[PDB]
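Below is one structure, written out as structure tokens, with a few remarks after it.
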Amino acid sequence: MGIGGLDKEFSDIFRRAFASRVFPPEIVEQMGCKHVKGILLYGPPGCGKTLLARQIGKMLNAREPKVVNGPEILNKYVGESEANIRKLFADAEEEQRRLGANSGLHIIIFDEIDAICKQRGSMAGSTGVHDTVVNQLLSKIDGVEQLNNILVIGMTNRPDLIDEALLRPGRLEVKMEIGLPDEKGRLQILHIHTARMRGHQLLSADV
Amino acid sequence: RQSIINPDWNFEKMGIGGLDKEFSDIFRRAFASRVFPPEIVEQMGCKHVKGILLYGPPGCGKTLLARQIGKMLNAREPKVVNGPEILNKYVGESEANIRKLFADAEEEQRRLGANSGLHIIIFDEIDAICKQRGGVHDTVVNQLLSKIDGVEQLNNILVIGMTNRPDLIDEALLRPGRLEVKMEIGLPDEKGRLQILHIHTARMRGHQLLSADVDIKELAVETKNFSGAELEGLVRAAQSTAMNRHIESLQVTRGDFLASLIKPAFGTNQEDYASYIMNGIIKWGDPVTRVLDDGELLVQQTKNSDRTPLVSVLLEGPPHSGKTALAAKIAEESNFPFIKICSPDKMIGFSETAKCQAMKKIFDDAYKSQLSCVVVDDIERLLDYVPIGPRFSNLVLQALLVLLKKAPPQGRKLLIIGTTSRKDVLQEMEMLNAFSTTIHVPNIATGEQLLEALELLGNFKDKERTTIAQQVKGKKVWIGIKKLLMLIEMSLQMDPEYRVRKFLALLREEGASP
Amino acid sequence: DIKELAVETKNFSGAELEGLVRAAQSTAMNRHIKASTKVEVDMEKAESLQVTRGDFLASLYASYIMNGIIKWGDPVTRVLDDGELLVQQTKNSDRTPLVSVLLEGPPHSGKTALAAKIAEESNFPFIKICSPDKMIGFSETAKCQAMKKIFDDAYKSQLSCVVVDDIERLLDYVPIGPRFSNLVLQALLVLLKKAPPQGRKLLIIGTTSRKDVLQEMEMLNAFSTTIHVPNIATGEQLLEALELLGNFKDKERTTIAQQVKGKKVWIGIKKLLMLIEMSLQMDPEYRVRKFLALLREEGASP
Amino acid sequence: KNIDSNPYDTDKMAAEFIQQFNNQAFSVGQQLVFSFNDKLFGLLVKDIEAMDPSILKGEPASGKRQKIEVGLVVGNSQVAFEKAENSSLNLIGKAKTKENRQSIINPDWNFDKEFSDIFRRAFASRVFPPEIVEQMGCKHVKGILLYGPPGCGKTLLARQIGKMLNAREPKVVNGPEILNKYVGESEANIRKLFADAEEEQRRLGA
Amino acid sequence: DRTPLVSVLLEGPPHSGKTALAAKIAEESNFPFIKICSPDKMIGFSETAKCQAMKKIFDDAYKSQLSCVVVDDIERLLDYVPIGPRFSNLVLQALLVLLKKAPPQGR
Ligand SMILES: Nc1ncnc2c1ncn2[C@@H]1O[C@H](COP(=O)(O)OP(=O)(O)OP(=O)(O)O)[C@@H](O)[C@H]1O
Ligand SMILES: Nc1ncnc2c1ncn2[C@@H]1O[C@H](COP(=O)(O)OP(=O)(O)OP(=O)(O)O)[C@@H](O)[C@H]1O
Ligand SMILES: Nc1ncnc2c1ncn2[C@@H]1O[C@H](COP(=O)(O)OP(=O)(O)OP(=O)(O)O)[C@@H](O)[C@H]1O
Ligand SMILES: Nc1ncnc2c1ncn2[C@@H]1O[C@H](COP(=O)(O)OP(=O)(O)OP(=O)(O)O)[C@@H](O)[C@H]1O
Ligand SMILES: Nc1ncnc2c1ncn2[C@@H]1O[C@H](COP(=O)(O)OP(=O)(O)O)[C@@H](O)[C@H]1O
């Protein structure tokens, strides 16, 4: 698929998260088990996280993903960041309301999530500036009305600054690490990126 | 008049377990007067209750309860507000949005009187709107107060709220005649866990997709201090693991459950134990044993006593004597369901207030279990002490001293283990008056102990051992365990011929008066 | 009896009374609902419906006084009599609506619990306790705000009693330097002399464990009087306390007396309790020896 | 059931209104129905200013427009179409009229390179034969921004880049010339700009 | 394997040439990751900012498999002056804590 050096990580993801999306529907319904709702990825920049997300999205015949850079989402005026967050779910809500249990899955691709989800202040008078945004996200991900055609993928770099309510078994219960590649991965990457030149015969033998 | 409860409803179909007492209380205080025959109620001249509040820690089933309550009643569909979706940037828009919610109720009241049906409104994360007064938020709160109870009287509404921080809500919204029925959903006990497992494992049992070897009772016994979310996740993960093997005769066995057995939030972390005890424990002398015994005694005191719910005892040690390892070992051997370690290496660059908040979060958190153990290490590093001056942070000291003598809620028990390396300064700080007792950890003081430790570590050969004995048994020594390991590691990098000599030389250079 | 209910209900708002009636009626109705769990049903007994006083009882200090109070000697009676005298003085006087007192003694003497007992026996309608347990991590300004609110709440009653606990912890005192918080001290000193609006009465009780430090701060001139709380000082008294608690039986009591009776002691009750708890954890036939060893190791240093 | 949110060109709808209901009586509060783009609209008259009688006399208006309980549409009358708040029907036209909203809003509270190095990083690819650049499909620069206080230097530079390369006669727009009192015509000038580019790209290819 | 963390201090009179020798040793190590933290690049920073900078460097260092780091002028990072003496405590606490924390297992 054009990604090399993270076979173990993808094997774990496929085993833990997407086993029920391929196993025949009849027995899945016979069990009565829900699907995982989200996953989190963290690591140094430039290691190929977005590429992995897009490939995962393409794998399951999903629709075009919605991808948004974290920062921007926040407005400067009042009662605006929450509206922007809520705008992302209108299509899924409408599609579910129309098609019942047939409606197809949807995608969410948050970016630099740690910039918009921080621990809410428990002490009185020491509340954070952006607690309202976190509250809105918490209400949207899992609320009174159930959505069964959505999947969420968060990317971050500071997993110890994230609010603890986003990691309970109901939200984003799967975690993985994408570290720097080792020698074999470097070799594979070199093959992948030099494939074009090799095909058109610009890769010398002295190289 | 139509009844207010569907004929098909029964408790068993709600799929809620471990909250029998709370559900009975809620029904008693909220629905008794709306199901009793109307004529007697007309003879009592009483109004109906107007609000309910539910609160608690994450993953206990509040939203589930709210939804089921919503679908239990014979009313029409309830209007739902998902968090702060009513705020707006323009003047007077949010107040209008608030007023929109009660229009149908007011209209029906005016039109029909006592024959109207019931209306329900649900607020999620209500703490984002109602805060203690003292401009725009205050106006929103006042509008809500005016609408709920104003000059014109309403009699057919019920409101349900949910929150995670019940201590930040304004006092004027929480009086009788308003949301007055307050309920607490807390962590469940073993029987509730069994009930929950029964709820979530009914369909599988019907279709014989469950192996006969699995015993639900064993699973119930093993999972201590679990909440509902973990109990559901365990089943989901087990099913996924079982399915993975086949990539018709599928069943779920005990092995799958064992392998699956998630890291609960209020549980015990094994990675912490792995990190703080790196090289195991070597019995180089009696004092170790004595220490362990003492620990045993303390544990046995805290588990069975009723008159002493809180105990304290910090431990000292000559630099590099290995206090933290012993403390972690004691904590591991306590066998309590809740264990945590507070260390200063997670607070690099923090200010005073951040550290205070972290400690308060730790403490408070632990306060919700029947048995807790917490370890605080390197007290001098926590206080940011430097001998020149001296200088230090007073606020942290005051916070720790106050926390050292606060009893938990009724019926709960806590144990605290402290570690330090400068006992004289601590005595000077008037901190020893809050601790029940003390234990002493000594250094290595004889050649015999050194020889036993050397044999136990197993680095050098027998001839080198005899050589070491020849020169080291002629006097006494003064060395810590960690420094000894460091010296051995440094020495093993030389050529084989000179090693022993270097060892002795280094020991001759490190030596200092006790 | 409505009059009995009126006597029982002190400091109830109009809404609380309405709520009490509403709760009582709901509880009364709840008897006749039989099978809410299986299927909602009503019984024929609804006709014989009545509201009883048991329902009122159901509808209608443990944290600070945990292990009670035992009369282990004479001083306790003296303290209680002085407290009663002070309460009587504050209730039936017109020329002095504000009076203050300080209770002092050696550390670990259990003074706050005794103050709580005095306050409970005063039988005044309004009693509140200000404790550092609700001010962990607060900044000094917030502490002042909390104190101001607490004192303001007391002017809306005809009779008020307030207790300040662990004064030394409120000031954030440490012997080195020394170093302390000036703002709280200034607030408290100014706040101990403002009389309420004419016709209302207030009493203030304060607990501390180091009188010399407070004396150095020129604080002892603001209080009106002082009371002393002593330690346990004789073996006979220790035997009496042991007898009252009822832990070690006579056979061991004789052996213990044979030793302690010919010596002097210096100890607080709370530490004796902790020693007792530690000693009980050993085997049945080593306990007396450990108790005596711990008692010896304690020390006196009067 | 017919709602959509795209803009309707609505000066047409006013001209059509004047054409269809010419010489008719109209009064305040009156309700009626209208049709455009084969979509149906409900209408409610809210205010009526007469002409100043001077205009009827052939003289400049004083601005003393009387407000009248009933008015007569005549071949030069005009009309405005303000939306009821709840709505999606986007509208424009230009003369369809929308008084400036004068509404308070509350905030939120709280809170370079050498020109040869430029040739290197922007123009090295474009000079080569198509074959080799296609070989590895190099990406190309197409956006350059210059910032600096006012002065002729930037324009002189612009002409120098115009000179050095074998480029067409440059097209230059001075400020927001696209903006037109015909709203909706601002975008039209834009599409007009790239017609020649589209033709050449479609004709000469690479 | 039993001692994954090691420390060493070079001391001598002024102008002896300590920095040069430290750099030479670092060069001769032949490890994949080398970085140098000196106060020359933190001119005008407030104390909190300096703490953040050190934190970033060490956090990045934990991601490699073999790391070696050199700190040049401790007396300049602590802002020490003989009168008093007077200094900033926060940096002292940061250095003291960092000298004992081991990386994750195997690094
Ligand atoms: N006792 C229980 N019986 C049945 N389901 C339970 C129980 N406890 C938890 N759950 C599970 O909890 C899930 C939803 O939890 P929910 O978020 O409603 O709880 P909460 O306490 O409101 O959470 P939070 O405070 O994190 O928002 C449901 O899937 C439900 O199956
Ligand atoms: N029986 C033992 N007693 C003490 N330490 C032991 C024992 N066996 C092994 N050790 C090793 O001793 C080391 C404990 O060092 P640790 O870092 O906890 O020291 P400390 O006294 O807490 O503080 P400091 O590092 O500041 O001197 C660990 O490497 C541990 O494996
Ligand atoms: N006669 C008594 N007087 C006071 N306390 C008594 C008496 N008899 C038993 N007690 C118990 O002794 C304990 C008093 O301890 P408390 O915590 O009040 O001490 P304290 O004065 O705050 O001491 P310190 O702060 O110095 O530890 C309580 O458990 C109380 O119930
Ligand atoms: N063999 C050598 N030993 C020491 N220094 C040498 C040697 N050969 C050359 N030098 C030069 O000596 C100088 C050492 O100066 P440097 O500033 O590193 O000293 P320093 O002890 O770090 O002092 P400072 O506190 O001023 O930084 C360098 O310019 C280095 O090139
Ligand atoms: N293992 C890999 N295989 C293929 N491409 C990779 C790999 N690692 C990185 N890349 C490159 O990373 C570039 C950007 O990827 P992206 O996921 O956006 O990185 P970042 O983590 O910085 O967002 C892509 O152009 C891609 O070619």
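Modelled spin labels at A:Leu180 and A:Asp142, positioned 7 Å past Cα toward Cβ, are 3.7 nm from each other. By the count of neighbouring beta-carbon atoms within 10 Å, fewest first, B:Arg236, B:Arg178, D:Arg202 end up ordered D:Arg202, B:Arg178, B:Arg236. Take every Cα pair under 8 Å whose residues are at least 6 apart in sequence, average their separation, divide by the length of the range A:34-120, and the relative contact order is 37 percent.
With Cα atoms defining each centre, the range E:32-76 and the range C:245-266 are spaced 66 Å apart in the structure. Convex hull of alpha carbon positions in the range A:1-154: directionally averaged projected area 11.8 nm². I need the shape label for chain B. Rule: rounded when a/c is under 1.5, else prolate if a/b > b/c, else oblate, with a, b, c from the alpha carbon gyration tensor. Judged from the Cα gyration tensor, chain B comes out prolate (a/c at least 1.5, a/b above b/c). Close amide H partners of B:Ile121, meaning residues 5 or more places away or on another chain with modelled amide H under 5 Å apart, are B:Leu158, B:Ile160.
Projecting label points 7 angstrom from Cα along Cα→Cβ for B:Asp189 and C:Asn11 puts them 3.4 nm apart. Taking 20 °C and 1.002 mPa s as conditions, the range A:143-207 diffuses translationally at an estimated 129 µm²/s according to Stokes-Einstein applied to its Kirkwood radius (Cα pairs).
Shown is the FRET efficiency for B:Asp8 and B:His198, computed with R0 = 25 Å from the Cβ-Cβ distance and rounded to the nearest 0.05: 0.70. Across all directions, the shadow cast by the convex hull of chain D built on its C-alpha atoms averages 23.2 square nanometres. The amide H of B:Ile341, built 1.01 Å from its N in the peptide plane, has B:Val375 as neighbours under 5 Å, considering only residues 5 or more places off or on other chains.
Take the Cα of B:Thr139, step 7 Å toward its Cβ, do the same at E:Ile83, and the gap between the two points is 5.6 nm. For the range A:85-134, the equivalent ellipsoid built from the Cα gyration tensor has semi-axes of 33, 13, 8 Å, listed from largest to smallest. Alpha-carbon geometry of the range D:19-109: the Rg and the Dmax are 16.5, 57 Å, given in that order.
For a straight C-alpha distance cut-off of 17 angstrom, the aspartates and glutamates reachable from C:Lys193 (same-chain residues fewer than eight places away being disregarded) are C:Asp94, C:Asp152, C:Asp153, C:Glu218. Going by the alpha-carbon gyration tensor, a ≥ b ≥ c the square roots of its eigenvalues, is chain C rounded (a/c under 1.5) or, if a/c is not under 1.5, prolate (a/b greater than b/c) versus oblate? Note, shape of chain C comes out oblate. Computed over the Cα atoms of the range C:69-196, what is the convex hull's projected area averaged over all directions, in nm²? About 9.3 nm², averaged over all directions. Got a sec? Which residues in the range C:185-213 would a label at C:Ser224 touch, if it sits 7 Å along Cα→Cβ and we count backbone N under 14 Å? In the range C:185-213, the label zone of C:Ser224 (backbone N under 14 Å from the point 7 Å along Cα→Cβ) covers C:192-196, C:200-206. Converting phi to 3J(HN,Hα) with the Karplus coefficients 6.51, -1.76 and 1.60 and the offset θ = phi - 60°, the range C:171-184 yields 8, 6, 8, 9, x, 6, x, x, 9, 7, 9, 6, 4, 5 Hz in sequence order, with x at every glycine or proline.
Relative to the Cα centre, the charge distribution of chain C, modelled as +1 at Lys and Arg Cβ and -1 at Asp and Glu Cβ, gives a dipole magnitude of about 420 debye. Cross-linked pairs B:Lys413/C:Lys71; A:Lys175/B:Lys263; B:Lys323/E:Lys100; B:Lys21/B:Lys79; B:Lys340/B:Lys360; D:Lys46/D:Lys83: Cα-Cα separations exceed 18 Å for B:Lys413/C:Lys71; B:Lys21/B:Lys79.
Sketch the reach of a paramagnetic label on B:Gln370 as a point 7 Å from Cα along Cα-to-Cβ, and name the residues of the range B:220-237 whose backbone nitrogen lies under 12 Å away. Residues B:224-225 fall inside that zone. Within the same chain, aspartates and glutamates fewer than 8 places from D:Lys67 are excluded, and of the rest, those with a Cα less than 12 Å from its Cα are D:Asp47, D:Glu49, D:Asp52. Note on A:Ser204 and A:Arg54: with the Förster distance fixed at 30 Å, the Cβ-Cβ geometry gives a FRET efficiency of about 0.40. Taking amide H atoms as placed 1.01 Å from N in the peptide plane, the amide H of A:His106 lies under 5 Å from those of A:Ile150, A:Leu151, each 5 or more residues away in sequence or on another chain. Neighbour counts of other Cβ atoms within 10 Å put B:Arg290, B:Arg34 in the fewest-to-most order B:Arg290, B:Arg34.
Derived scalar couplings between HN and Hα for the range A:59-74 equal 4, 8, 6, 7, 6, 4, x, 9, 10, 9, 5, x, x, 2, 2, 7 Hz in order, rounded to whole Hz, by the Karplus curve 6.51 cos²θ - 1.76 cosθ + 1.60 (θ = phi - 60°), x for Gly and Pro. 3J(HN,Hα) couplings calculated from phi for the range A:132-140 with the Karplus curve 6.51 cos²θ - 1.76 cosθ + 1.60 (θ = phi - 60°) are, in sequence order, 4, 5, 4, 4, 4, 4, 4, 5, 6 Hz; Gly and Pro show x. Please give the net charge around A:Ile113, taking every other residue with its beta carbon less than 11 angstrom from that of A:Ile113, where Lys and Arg add +1 and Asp and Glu add -1. Every neighbour counted, the sum reads -2.
Across the protein assembly as shown the C-alpha pair distances fall into 10 Å bins from zero in the proportions 1, 6, 10, 15, 17, 17, 14, 10, 6, 3, 1, 1, 0, 0 percent. When shorter helices are ignored and each DSSP H run of at least 4 residues is given -39500 (n - 2.57), the per-residue value for the protein assembly as shown at 222 nm works out to -12000 deg cm²/dmol. Contact order, relative form, for the range A:1-158: 31 percent (alpha carbon pairs under 8 Å, 6 or more residues apart, mean separation divided by residue count). Need the C-alpha centroid separation for the range B:167-206 versus the range B:423-470, integer Å. Cα centroid of the range B:167-206 versus Cα centroid of the range B:423-470: 52 Å apart.
I need the calculated FRET efficiency for the pair D:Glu49 and D:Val172, taking r as the beta carbon distance and R₀ as 35 Å, to the nearest 0.05. Using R0 = 35 Å, I get an efficiency of 0.20. From the square roots a ≥ b ≥ c of the eigenvalues of the alpha-carbon gyration tensor of the range B:46-142, which class results: rounded (a/c under 1.5), prolate (a/b over b/c), or oblate? The shape class here is oblate.
Since every read-out is calculated from the coordinates, none of them should be taken as a lab result. Cβ sites come from the backbone with ideal geometry, for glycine too, and all protein chains shown count toward neighbours.
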